[PDB]
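Structure record follows, encoded as structure tokens.
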Amino acid sequence: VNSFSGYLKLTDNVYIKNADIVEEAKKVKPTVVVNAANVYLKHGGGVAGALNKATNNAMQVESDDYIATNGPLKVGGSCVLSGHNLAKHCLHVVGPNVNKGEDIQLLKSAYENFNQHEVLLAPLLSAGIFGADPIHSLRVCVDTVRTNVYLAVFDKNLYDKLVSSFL
Ligand SMILES: OC[C@@H](Nc1ncnc2[nH]ccc12)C1CC1
Ligand SMILES: [Cl-]
């Protein structure tokens, strides 16, 4: 039993809700919130800009030190950093950005990072400003993640389409 509330159950392990991931994280304080990161951990817009703003830029300061030490992530890769005031940990996961010409096949590799954590609050990877089809992202999530994932979908209209079209 956990403190996630109001989610529709899609499969044994995948749950979904129309919600603002920032407000969800502040309420639940999950062990892990997933950021829709880029390889440079530059949290400018989308989920990343919103999460970073909610930390008063502390996420960006920590991320800049991470990059200075380790260099960029790989597309499809991840790193674990602090969750600041939102969660215990933030798993920064880089899905392919179609608006940069990146290979959509890497979306499965991106979701595999979730399997290293028993329970996560997450967005749909490569959706929104990363330019991939969200119906596809949900399908890859369901077919790749085996741990317990709570998906927050910001746009209410998109949420209804994902539910009604879910196979
Ligand atoms: O990952 C793409 C995804 N974006 C977000 N999901 C949940 N909460 C959010 N807050 C700000 C952006 C954002 C779009 C809706 C499918
Ligand atoms: Cl977005």
Side-chain angles (χ1 to χ4, degrees), residues 3-8 10 14-60 63 73 75-79 81 83-87 89-114 117 119-145 148-166:
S3 58
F4 288 103
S5 176
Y7 286 78
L8 178 68
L10 295 176
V14 179
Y15 294 81
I16 195 169
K17 182 182 179 183
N18 171 218
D20 181 340
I21 192 170
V22 170
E23 293 308 315
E24 276 294 293
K26 283 193 287 185
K27 182 71 173 185
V28 174
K29 310 229 199 303
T31 302
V32 180
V33 65
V34 175
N35 182 31
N38 58 56
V39 298
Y40 307 110
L41 303 180
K42 289 310 187 197
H43 309 302
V47 167
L51 293 173
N52 176 57
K53 178 178 176 183
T55 76
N56 185 43
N57 211 49
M59 177 180 287
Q60 190 64 67
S63 293
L73 296 180
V75 179
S78 70
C79 67
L81 292 172
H84 300 276
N85 52 318
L86 305 175
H89 306 286
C90 178
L91 180 69
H92 296 271
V93 181
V94 184
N97 191 324
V98 173
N99 301 317
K100 298 178 179 178
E102 292 167 352
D103 185 8
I104 193 63
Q105 310 301 307
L106 291 170
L107 186 54
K108 187 174 185 74
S109 303
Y111 274 118
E112 288 171 342
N113 295 285
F114 290 24
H117 303 274
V119 184
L120 316 87
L121 172 63
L124 284 171
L125 297 179
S126 299
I129 69 177
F130 282 57
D133 178 358
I135 295 173
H136 179 63
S137 182
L138 177 56
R139 186 78 258 162
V140 178
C141 182
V142 164
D143 294 339
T144 305
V145 180
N148 290 326
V149 57
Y150 291 83
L151 290 169
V153 182
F154 178 59
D155 187 72
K156 167 61 174 174
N157 287 327
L158 170 59
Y159 171 83
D160 291 337
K161 183 185 186 193
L162 293 164
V163 170
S164 295
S165 62
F166 185 71

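Start at 1 and go down the list; that is how both ligands and their atoms are numbered. Each residue takes its place number in the sequence, starting with 1.
Without hydrogens or angle criteria, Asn18 side chain to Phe154 main chain gives a donor-acceptor distance under 3.5 Å.
Applying the salt bridge (charged side-chain N to carboxylate O under 4.0 Å, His left out) test to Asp143 and every residue at least two apart in sequence or in another chain returns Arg139. Residues forming a salt bridge (charged side-chain N to carboxylate O under 4.0 Å, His left out) with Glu112 (at least two apart in sequence, or on another chain): none. Partners of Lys42 by salt bridge (charged side-chain N to carboxylate O under 4.0 Å, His left out), not counting sequence neighbours, listed by chain and number: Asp64.
For the atom pair CD1 of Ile135 and CG of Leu158, the computed distance is 7.5 Å after rounding to the nearest 0.5 Å.
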Under 3.5 Å: N or O atoms of ligand 1 paired with protein N or O:
{"unit_1": "ligand 1", "atom_1": "1 (O)", "unit_2": "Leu124", "atom_2": "O", "d": "2.8"}
{"unit_1": "ligand 1", "atom_1": "8 (N)", "unit_2": "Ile21", "atom_2": "N", "d": "3.4"}

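Taking the six-membered ring where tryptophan is involved, the planes of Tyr7 and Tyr150 are perpendicular, since the angle between them exceeds 60° and thus also 30°.
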